[PDB]
Every structure is written in C-alpha cells, then in structure tokens.
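In each ligand, atom 1 is the first atom listed, and ligand 1 is the first ligand listed. Here is the naming used below: chain letters follow the sequence lines, and residue numbers restart at 1 for every chain. Heavy atoms only: backbone and side chains are in, while hydrogens, waters and symmetry mates are out.
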Amino acid sequence: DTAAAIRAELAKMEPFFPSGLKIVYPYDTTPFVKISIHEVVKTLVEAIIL
Amino acid sequence: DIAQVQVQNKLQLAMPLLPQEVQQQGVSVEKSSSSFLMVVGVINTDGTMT
Amino acid sequence: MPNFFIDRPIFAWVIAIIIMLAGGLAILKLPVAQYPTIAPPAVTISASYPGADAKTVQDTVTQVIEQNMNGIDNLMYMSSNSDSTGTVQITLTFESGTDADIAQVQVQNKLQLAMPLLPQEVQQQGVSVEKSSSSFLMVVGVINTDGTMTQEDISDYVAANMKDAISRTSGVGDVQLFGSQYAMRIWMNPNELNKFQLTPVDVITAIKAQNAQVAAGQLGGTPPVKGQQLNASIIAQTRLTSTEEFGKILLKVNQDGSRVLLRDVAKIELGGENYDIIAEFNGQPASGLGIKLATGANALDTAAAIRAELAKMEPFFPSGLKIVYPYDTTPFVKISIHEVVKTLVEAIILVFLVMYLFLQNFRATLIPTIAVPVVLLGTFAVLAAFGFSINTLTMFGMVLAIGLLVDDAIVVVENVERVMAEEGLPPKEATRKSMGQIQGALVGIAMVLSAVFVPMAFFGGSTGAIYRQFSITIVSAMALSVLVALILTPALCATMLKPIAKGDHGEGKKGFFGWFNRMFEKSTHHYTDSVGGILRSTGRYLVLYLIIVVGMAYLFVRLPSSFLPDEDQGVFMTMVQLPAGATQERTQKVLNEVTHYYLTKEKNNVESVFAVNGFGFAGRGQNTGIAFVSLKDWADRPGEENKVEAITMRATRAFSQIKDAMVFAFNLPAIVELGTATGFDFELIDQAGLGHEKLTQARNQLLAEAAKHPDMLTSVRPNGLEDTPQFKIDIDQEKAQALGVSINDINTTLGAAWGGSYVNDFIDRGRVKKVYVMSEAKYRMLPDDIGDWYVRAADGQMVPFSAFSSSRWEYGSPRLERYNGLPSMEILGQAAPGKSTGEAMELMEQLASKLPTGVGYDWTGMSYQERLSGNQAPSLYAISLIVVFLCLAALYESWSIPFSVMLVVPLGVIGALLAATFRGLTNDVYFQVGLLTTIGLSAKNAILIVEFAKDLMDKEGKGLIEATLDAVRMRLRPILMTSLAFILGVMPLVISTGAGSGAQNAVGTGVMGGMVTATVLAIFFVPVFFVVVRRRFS
Amino acid sequence: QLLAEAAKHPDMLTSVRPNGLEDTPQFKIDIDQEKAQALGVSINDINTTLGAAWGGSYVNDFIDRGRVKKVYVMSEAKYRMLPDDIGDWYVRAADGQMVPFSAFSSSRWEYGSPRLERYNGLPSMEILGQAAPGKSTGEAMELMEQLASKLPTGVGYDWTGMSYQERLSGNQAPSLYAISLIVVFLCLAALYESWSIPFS
Amino acid sequence: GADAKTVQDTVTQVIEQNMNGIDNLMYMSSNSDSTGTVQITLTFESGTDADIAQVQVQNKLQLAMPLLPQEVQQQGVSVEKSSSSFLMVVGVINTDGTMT
Amino acid sequence: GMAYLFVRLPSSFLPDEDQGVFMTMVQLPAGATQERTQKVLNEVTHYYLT
Amino acid sequence: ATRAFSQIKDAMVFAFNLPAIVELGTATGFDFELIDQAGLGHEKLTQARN
Ligand SMILES: O[C@@H](CNC1[C@H]2CNC[C@H]12)COc1cc(Cl)cc(Cl)c1
C-alpha cells in the first residue's frame, strides 16, 4: 500500500518535471512479492483442476 | 505510536541541553524499519542537469 | 423458538424485563448531542508573529513548520494560511477513523522538534496544536450595563474569576476566552524618548532588568557547617506587581542629577494583549467564553450545569456585570429531540387506536403497546453498547424504523386473531398455528432487511458517518423487533387473547363497529374479485408496471440532490466585508448599522446581536466583521415571514443599500462542523516555483474560463483576499553604519514602536500576565509619523529614520495560502441547477488542464471525499441485492420465486419520488433512508403474501390462482392496518412547520408517498408477479 | 481548628497530623539597582555572584571515567551560613573597584509557606490520621466529616486516595445488593417458569 | 530559586488551568515547594487506559508549555505515568568504611 | 434484627496486614537544619535497634 | 561478482543477496556486545576485543 501511494504521488509530480527528468526504480522488491503470490494462486487453481 | 510518544517525552528533557548547532539541524524521532522499502532514483536523460 | 416461549410465558416476560432494564439504563447513561462526530479528524497549529506581515509569517514560520510535518500516520492533507495580522494557521486533516488524540500528539511532537528553527518572538508567543473545530456547545457573554467596564476589564474579570470554574464544570471539553487577561501596556512617547536621548531598546532593556525573578540561594544550606542550626531560603528580586512599580522603573540618570523614569516617557496602564477584535452585544462592550462539549458528554446536562454555575457566580459579580447567551442553539436541540419523542409516542398511540378499530379487542391492542416500547428500549441499549449517542440522526432512524416495528407486532397479533376467528381454536393452539405459519418468513425478512440496511454502515467519509447512524439504529431495531416477535409477542398472544368463535367476524355487532366490519368484509370481497380479474389478464398490467418503472426512473433523474435540510435554529449570521485598507472604525460603523437595523426593524424577531469586529470567516483583519444574530423563541415568531429564511432575505435586501461594505445575512448549515452544500472546493497549486503573481494570473484565467460557463458552474469565486497596498521601508544599512547606528537598534525601534513587543511577564493579583511595549497610537498612524522616531548612535547623537531609510508603496498579499506544502489559491463554486457535482468537477478539471505550465490543481474538503468515494454505494448495494435474492431463494427453496418479491421495489419508490417532486424537496439523506425503510416494508408485505400463497400451494392441494387469491385475502387486513398506522404516525412530520420542520418534512413526505403507493399497488401487483413467475417456471 | 477538634477525641482518632510543612522564615534581599549603577557594578554581576555563592551554579559538563557529569561552583560552607557572611563577598566594578554588598543591598525577614498544596485546582491542606484502637476507618471518616462540618464558612473537605475508594465502595454497596437480588430473582423465574418459586 | 508562591503563580496554576477536559479524570492534586519544584498528579478512573490518559494530559500540557518561565522550559517539564509506592529499596553500603 | 445489625456494624475498606515493614516520619520545627534532623533520626534508629 | 571484485586491491568489495526476511538473517549467526563496565576507555575495550 505504501509503495502504491508513493507511486501515485510520483505520478502526480511527473507532469511538472523539468524537461528530461525521469523516475527510475533501481531497488524494488514488490514485483517479486506480486509474482510469488500470483504463482501460489496459480498453483491453487492448477491443484483444483488436477 | 506509544513507544515513539514516550521516547520523545524523554528526549524533550534532553533537547534544551543539546548544543545549539545540533538543535538548529533538527533532531528526528522515527519509527521505521531498518531496511529500505524502495529506492526511487531520478535522472536527466537529456543530460541538462548535474 | 416461538413454540418454546408459547409454553413458557414467564421466561419471555423475564427476557422482556431484562431488555427494558437495559434500555432504561442506556437512556439514563447515554450521551445526548445534536449530531455525532461527522467531519474527519483535523488538527490545527496556530502561531502568532506580532507585527509581521503575511510574507514574513509564511517564510519564517509556515514553511518551516510545514517542512517538518513528516512521519505522521493517516494524514489526508494539509492546508495553511498566513495573515497580515501576524497569525499562521495550519490545518492537518486525517483519515476518518483516525484517533484524534494520537494524531494531535504526533503533530505536536513533530512541532516540538521544529520549535528551535522558529523566530524567537514566535517561540515566546507559543505555538498551539489543538483539535480543529468550528462550533461551540455554548457561548456565554458578559456585558457591562453601567459603562464603567471596558472590553479589557470584562475579559480580565472573566479570565480571573469565571473561566476556571466553568472549565471545571462536568462535560466541558474546552473553554475559549473572548479576549485575554490584562497585560501591562507601555505606550511610548517618541518625543519624550527623544528629549532624554532614549529609544525602545533602552525601555525594553530596563523593563527586562528591573522586572525579573532572580535565584539567590539559602541561609545554612547544604553542605552546611558542623554547628549550623538555622536554615532559611533567600528571596531576591521578583516580578513587579502594579502599574505604579512599572512607572518607577529607572531608565537613566542625567548629569544634572534628574532621574528619568518609565512614567516620564510612556503611559503605563492595564490593557489587552491584542486589540484586533472588538466584541459588542447590542452595542455594549462584551467579553465571554466559548464552551465546547467534552467527548461522550450530555449536551443538555452540560448546558444546564454551566447555567447553574453561572447562577451561583452572579451574586459575587461587580455592579453592572450581566451574563447573556448570544449564541444558544441548545433550545433547538431540545425541541428537536422532544419532537421526535412525541412522534414516537403518537405512533404508539395511533397503533393502539388502529388495532382497536380493526380488531375491536382491548387485549389484542395491548400486545403491540408492550412489544414496540420493548423494542425501542432494546434499541437504546444496543446503541449504548456500540458507543452511539442520542442525536438527531439516531432518533430519526428510530422514527423511520417505527413502521417496521409496528408491522412486526401487527403481523403477529393479527395472524393469531385471524386464525382464532377462522378455525375457532383457543388462543394457545391458535398462536401455535399462526406462529408456525410466519416464523420462517420472519427470519427471512430479518435477513432481507439486514441486507438492505447494513450497507449504509460501510459508506466512506463524513457522509458515511452520517449514514452509519441510521444504519445501526434501524438494523438494531429490526433485529430486536424480529426477536421480540419470535419470543414475547407469541407468548402475549397465547396468554392474553380471549377465544373467538368459529364464525364471529363482528358482522352482528351494532353501532359503528358493526358497520365498519360489514363494510370491510364487502371491501375485501371486492378486492379479491378484482385481484382475480387482474390475474386473468396479467400482461396488460405488466405493461403498466413497465410504465411505473419508466416514470420512476424519469422522476429519479430529475430530483435535485442535497445533504441535510436547512433548519431554523433560532440564530443566524451576518458577514460584513469592507474594501481593502479599511480600518476598525469603519467596520464598526457598518456593524453598528447592522445592529441598529436588526434591533429596530426586526425588534419583534431579533432578541440580540453579538457583533465581532476584526474577523469573519475565511480571514481576519480590520476590514472584516461578523454579527451573530439570536432570535426570539419560535413561539414568539409565528408565520413564514418571521422565520430565519425570510428574515435573512429581508436583511440582505436592506443591507444591499449599504455602500462601501459587502453585507450578507445567511442561515447556518444543518451541521455547522462542516460548511457544505452542492458545491466544490478547488485548489490551484504552484508546482514549479512560479510565484504569487503568476499564480494570481492563472487563478484569474481559470475564473474567467469558469465565468464563460454560466449553465454549468455558478458562483465560482476565490476564497481569499486580493493584493493590497503595503508600505515598504528600505533601511540603507550602509548609511546606518556611516552614521554609527546599529541595524539591530533600527529594527527593534521600528518593530517595537509600530508593531509592539512582548517583553516579559509580571504577576498581577497572583496571576502571570504579559508586558507589552508599543508606541502611543498618536505616533504610529501615518507614514509621516515615521519622522517622529529617532535611534541613538554610537557617538550618542540621535538620528532620524529619514537619514538612513527610504519609503515607497507597493502591493502585497494580506493572506497567503498553501496546500500540501505549496503556494495555493482556493476557489469555491457549485454546479448550476440540473447539474451533478461530479460533472461540475469534471468541467473544472478540464478548464484547469489548460492553465499555464507549472500550475497544478487538487480537490479538498467534500470534493476530496466525493472523488475518493465514487461508485461505492451502488457497488455494495448491488451486493445487497445479490444477498437479498439469495436469502429469498433459501426462504422459498426456489431460484425464481424471489423475483416476485424483488419486483415490488419500484412500487414504493415511485410514490416517494412523487411526494418529493410535488412538495419541492430534494434527494437528501432523510429521503434516502426513508426510501430504504419503505422498500423494506414493501418487501415485508410481498414476502408474507408470497409465503402464504406458496404454503397454500404446497402444504395444501390448492392451485396457483386459488392459493394466490386466498393469500391476498388473508394478507389484506394486516397490510392495511400497518399502512394506516404508519401514515397517521408520520402525518405530523409532513404537516409540521415549527422548529426542526426541515428534517421532519424531509423524513415524512417521502415516507408518506412511498407508503401510499406501496400499499395501493403491491396488494394487486404482488399476486400478478407471483402468478407470472410461477407460470413461467413450472 | 480542625486538628484541635480531632485531638479532643483521643478514643476515636489517633496520629491526626497534617501532611505538609509549616510556614517558615525567609530572608528577603533587596538589591538597589540604582545604587549599584552609581558604583559602576553591573546588576548581572551582582545576581551571578549572589546566586553562585549562596545557592550554587551549574556551569557545564565534564567527563569522569567516560561518563558525562556536572560541574558546580558554590561558596565554601563557612562563607555561606549566616546573613552577615556577605561581609566577605565583593563584586568588581567597571573601574576595578571591589564593591561590597552592603554598599548596594539591604535585607529583611519575612514568613512564607515552604510547600503549597492544591486539590482539584483550589488551595488545600492534607490531613492524615488513623482510627483509634477498636474503631474502623468508616467511624473515623464519619467523625472527621462531622468535625469538618463545624468549620468556618468557605472551607470544604474531600476524601482522596484510599478514603476516596472506601467512600466509593460504601456508596455503591446497596445498589450492588439490589441488582444482585433482582438478577437472581429473574434467573430463578426464567429457570422454573414461576413467580412463586422466586418469591419464596 | 523560585519560592513556593512564585512557582505556584508562574508554573502550577498555569499548568493546572489547562488540565481540564481530560477523559476519565477522578481528581487532581498539586504541590509547589520552596525549591521551585511543582508536582501535579492527576488520578483517573479505574480501568482507564494509562497510555491514552498520558497522551491526553500531554496534549493539554503543550498548551501551557509556552506560558511557563523560560527557566522552567529549559529544565524540562516531564509528563509520565506515576506510582506513589516503592516496589523495593536496594541499599548499598561499604563493609570497610573506606567509601563515604 | 438483620436490619438493626447491618446498620450498627462499622465499615472499612480492607484489613491491615503485618507486611514485615513499616515507616517512621520525622518532622522538626520550621528552620531546623540537616544535622538536627540527623540527631532525631539517630535517636529513632537507636530505639528501633535497641 | 565477488570473485571478480576480489581482484580490487583498493577496497573490500562484496556482492550479496538478501535473506528471505532481513532481520532474521543467518540461521546460525550470533550478535555479541562487548561492554566496558568500569570506565576502562576506548583503548582498553579495543584491546579486550582483540
Ligand atoms: O469575540 C469573538 C471571539 N473573540 C476572539 C478574540 C479576542 N481575543 C481572542 C478572541 C466571538 O466569537 C464568536 C461569538 C459567538 Cl456569540 C458565536 C461564535 Cl460561533 C463565535
């Protein structure tokens, strides 16, 4: 939730950046969390099918 | 919340005794993790900013 | 369970007694208020920088404090104002449900770490963090009728004598003094200072040296000498106590030996810490206390206790001192609560009367008269359990749920009586049979009504807080009503009802009740005949149902929306705004004109006026004023012309003739904790460091664009102040150095003389009070007066300001705003008639999207909450519809029969809409909750009809048409008596025109219309729906 | 007056004492600032001298075995005991003269409370006492409030600490009994489906 | 260095004026000594959440904090949950007499 | 008899126990010094230890 | 990466992954504090640590 709020705030800020300024995310473990939980849910669905 | 409140209640007794230079820089009391939730970097792809 | 308590009447009575005792305890111990906490929790940081302009305050205080408001949880947004009066106010608004105490302590703690970074004068004046609020429980004014006391005298008396005991009174949460205690005032004479070669710096140094507390030590202290026997504390210089001591302060000694004292160069007196606000009551000087209710406290009890304390205080008052109550809405709260209580009592009495009319049995009429009060008491107990108070919303929720309560009682008792009169069974067996007919339907109805009403308790924001009161009240009342109908009512029916013969229906009775019985029998026969005729030709009426649904949608999409009706609470407000640069005296002239108009032209209506010169709302200053007008009792103000709306319209028309002053009189909102309407709050944000002038240009561009849309936006205005002329002094420090004059001396002289300086504290009659040095008014009025001030140089010669300074006129902001830490401009507007607030906000966003680069925008206030909570209520009411369908399917053990019940929803709604359209009411909260209760009652009736028809079809061999006809015949009477009782009970609310009539009419009109249409249409549409559904799916 | 009245009841009250301190003599010092200025001695110097000598002054911190501790400057005891001991204390003037305190100061004796107590915001005095042997705290409380009722107007009383709790318990006992009896009656009536069984 | 009367007028009364309006407060008792010490103990109803009570009295005390003397502010005004009874006393002595 | 006995029965809060410790308060007249209090305390200690 | 950076003589360079939960860290690691309990000083504490 905090990461989502931070990203929303950065999205609010972006329209007023100087020309050329760009936001990057060199360290973010949230994608791993999302993909891992999605993989477990996929496992549950596959288990139901089997 | 209560931990931070009690810590600052104890710290405000020491605040007057601190050097004026330390007070001017601002003493901070936080309740956060020791690891970065994320790192948001900012660059200038156009190379017009140092 | 109904069968369990038919054989155990004493156990049912014990349960009822327990419920009654809990309800009585809750009633005795429950808090009472006008409204609950609706607005989101907010914290205000208030600081003052005496003598500082808006820009100085913003740059030295506001930005520093705002840059340190980090690491605070649940913060929704932050706004701030910095004024030319020297004051900065920062409002931090937090999410709903945030703990106010924890939010306040976090904010104050983050401020504590920013205090060292603030100017010393601001630190000395103190920065206060408080719970944001805009309303007082009461205002207690104090006036002098002799003219021997000024405003400062009364304020000091109130602070020293009245404030403490009132603060200690039970239920008081906060007390605000309308003024301040005395302050030692040193009014300086520049000519006398020049005569003795002195400046404000010398005066301040002398006052600080000669009015101080000095630690000395101890006689025979530790570690002591071996033989010491005596020990005594050493007392030394202490703070002064009187104006006489201050006047004797020595400033210098001359060569000729003469002594210069403070009395020689300044007038010494007792005055106010500030002079920006002048309070008058009917033209007389006034002070007072604003008193706020404590959390969980009774409003009425607290007000009565405060009045008792003031009564105990009066005997010791000085001659001419009088207590008054300029702002008292407590009478309105009392009358509103009493009106709701009377409505409940009349509803019970009318239920009794209708029961006697139809059943003509005193014992039968007694049963609901016990069942309904028991449910009401249990509802009070449940409200106390969940930490709710007795406020307007909860009592009107009880009023709306009284229909469902009486419906439950009537259903049970009438079914028992009908079984007794049809089968001739004795009361116990008849009650067993009747309960067996309706118990499952009662449980299913409980589930359906739960599904209908619970979702109101999950709306977001302040509107969610408003709806939660009705949700909890109605849900608890309905659940308790069903429980009582399954426990107590069957026991009472089996224990109290007397037997009825097999065929005795009152046909042979004489008098009115024989004619009525015969007429009702014939009417029921005709109704059943017409229902059969209708069932022969269902499709013709399906077309009529489609017409009804289309008309319902048409009426719905054309009904204006609102939040809460405006009420005549016995008070209202008048705002006076003078042109930029206007002084206190001109504002006082306008305020005197307003007071004279109210006390002469409206002497029959207006009882008193409390005029405050110095602040309005959305700003403060010498050119603003507010008059709080109190009206006489509603009993003394009969007719439409003597109510707040007409009075305020007449006052505005009369005040439109006043020149050089914008004067407007208006009524309070329903909930004054928020200023709300069908409007929007817009923030124009400087996002790229453009500055105040570019932001002003962007605001003007947006305002012009909005003005080019008269049909979509109305009254799109700035909620702020325009740039005003300012006097700029340039002190050439190089010249001051060349003349041997210190810049610190120059700044101190100028600020202390023209702005005033808080020096230190003294002790007056055992209380600490401030000491202010300021110039005499005579020498700080005009720019030329600057030529009367001198500063001593190192060489000792006294230099005038003209030697090292230049002056000019420029323009500057008297009030600077920031939003979320950036410079901001607030725009208030509203959608034009026939336009939703959402589309007005969309148009505002489209208009703002074309603003200059670096300018952003935001939504705040109620607009923020509307944007955040969007399409939520329809979503969880679709969930409610799904749950209702599932509950009905479980009840009927059918996937299709449920529809015949749900198809009843429009039949009631249409009527409500009609009643709202012809009466000219809006789609406000009361209308929506009444619509929900009408839907619930209609669903109850349809469910019972369908259950009876299905039971006849299944448990007996009866066919579809015969079963439906018998079901409607058996259900006609209870439906009719319930509808009659509820409509008669809500008659006064529709008819009411007195205090609180807005809410009463809003509640009553929709309920009346919906009940009438539902009763009329359902009794011949539910059979049609049931027959069609059963014919299609069988 | 109340203490004397309580002492008149040795068989009901014991060790009836005030929980506080009596008024003490104080040594008021007046520093003639004009006279000090005439002699060229700064008032700040006088105040610092008197305070540091007779009460002690905390200057700053030092490190003892790695721990931060305080530094105090104070007069030696023998020059700090009786009022006359300022005869040895001098303050330097702007021109280097050592002015004695007698040249710019005077003194007198006063009386003052060394400890002021307030209850619920109003001035108050705390009294402690015991019940005499063979008596209970309830009897002692009754006697104490009876004695307090006979005091000058404008003087009231209150119970605090354990006495407050004892008064609370005594006040709420009868309602507790009544509610317990009612609850038992209703429980029996529900369980046995009778009013006669609960009543008997 | 402040007498009991002056510390009462400048500290105790200033603080206790703002100590009104706190939830579940049973009573308040203050003492002001001749060494300049002010002790204000507020006792709340049984079952009151002590942390919430402390937070509330702190929120009320912040309002009085700027009105106190600068010396009192520099010494620091402490707000804390308090007890009136010693759990235990741990004394320390020297068995040789070499330490004072 | 029950009503009569209830009224005449004295009330209290909690019985006093012998907890193995007790206190002695010493207060000297106004102005008494540390050493006079020490002499009185020494007398009290001598009484308790003898 | 660690093998490659072992050739940098100017600095100690270590590349590493994080544990599943940072705070638990190693499943067999211990954290130990050596306290100077008698005002020995930094030098004596360093000697004891060595
Ligand atoms: O006098 C005004 C407050 N005085 C303020 C200045 C002076 N110093 C600080 C204090 C009165 O405001 C009101 C009066 C009423 Cl009857 C009703 C409301 Cl809602 C507000």
Engineer: So, using side chain to side chain donor-acceptor pair (under 3.5 Å) as the criterion, who are the partners of C/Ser287 when residues are at least two apart?
Structural biologist: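 Expected list: C/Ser155.
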Engineer: Which of the numbered atoms in ligand 1 are under 4.0 angstrom from any heavy atom belonging to C/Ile277?
Structural biologist: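 Selected atoms, number and element: 6 (C), 7 (C).
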Engineer: Report, in ascending order of atom number, the atoms of ligand 1 lying under 4.0 Å from any heavy atom of C/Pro326.
Structural biologist: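 Here the atoms of ligand 1 in question are 16 (Cl).
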Engineer: Going by the angle between their ring planes, with limits at 30° and 60°, are C/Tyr157 and C/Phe317 parallel, tilted or perpendicular?
Structural biologist: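 Geometry flag for C/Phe317 against C/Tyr157: perpendicular rings.
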Engineer: Mind checking whether C/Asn274 contacts ligand 1 via backbone (N, CA, C, O), side chain (CB onward), both or neither, at a 4.0 Å heavy-atom cut-off?
Structural biologist: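 For C/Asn274, there is no contact with ligand 1 at all, from either part.
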Engineer: What do we get for C/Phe178 next to ligand 1 when only non-hydrogen atoms under 4.0 Å count, side chain, backbone, both or neither?
Structural biologist: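 Both backbone and side chain.
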Engineer: Note the single closest protein heavy atom to atom 20 (C) of ligand 1, along with its residue, its atom name and the distance in Å.
Structural biologist: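 Its nearest protein heavy-atom neighbour is C/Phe628 CZ, 3.5 Å.
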Engineer: With a 4.0 Å cut-off on heavy atoms, does C/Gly179 reach ligand 1?
Structural biologist: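 C/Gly179: in contact with ligand 1 (<4.0 Å).
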Engineer: Under 4.0 Å from any heavy atom of C/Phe615, which atoms of ligand 1 are there?
Structural biologist: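 The list of qualifying atoms is 2 (C), 3 (C), 5 (C), 12 (O).
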Engineer: Just grab all the ring pair (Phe, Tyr, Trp, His ring centres under 6.0 Å) pairs involving residues 573-610 of chain C, residues at least two apart or on different chains.
Structural biologist: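 Pairs touching residues 573-610 of chain C that pass the test: C/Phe572-C/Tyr598, C/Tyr597-C/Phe655, C/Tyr598-C/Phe655.
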Engineer: Is it true that C/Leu177 lies under 4.0 Å from ligand 1, counting heavy atoms only?
Structural biologist: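 Yes.
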Engineer: Indicate yes or no: does C/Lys589 engage C/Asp660 in a salt bridge with an N to O separation below 4.0 Å.
Structural biologist: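 Salt bridge between C/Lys589 and C/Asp660, a charged N being under 4.0 Å from a carboxylate O: no.
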Engineer: Do the side chains of C/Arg637 and C/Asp568 get close enough for a salt bridge, i.e. N-O under 4.0 angstrom?
Structural biologist: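 Looking at C/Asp568 together with C/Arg637, the answer is yes, because their closest N to O distance falls below 4.0 Å.
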Engineer: Can you name the closest pair of heavy atoms from C/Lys322 and C/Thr145 and give their distance?
Structural biologist: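 Heavy atoms of C/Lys322 and C/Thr145 come nearest at CB-CG2, 4.3 Å.
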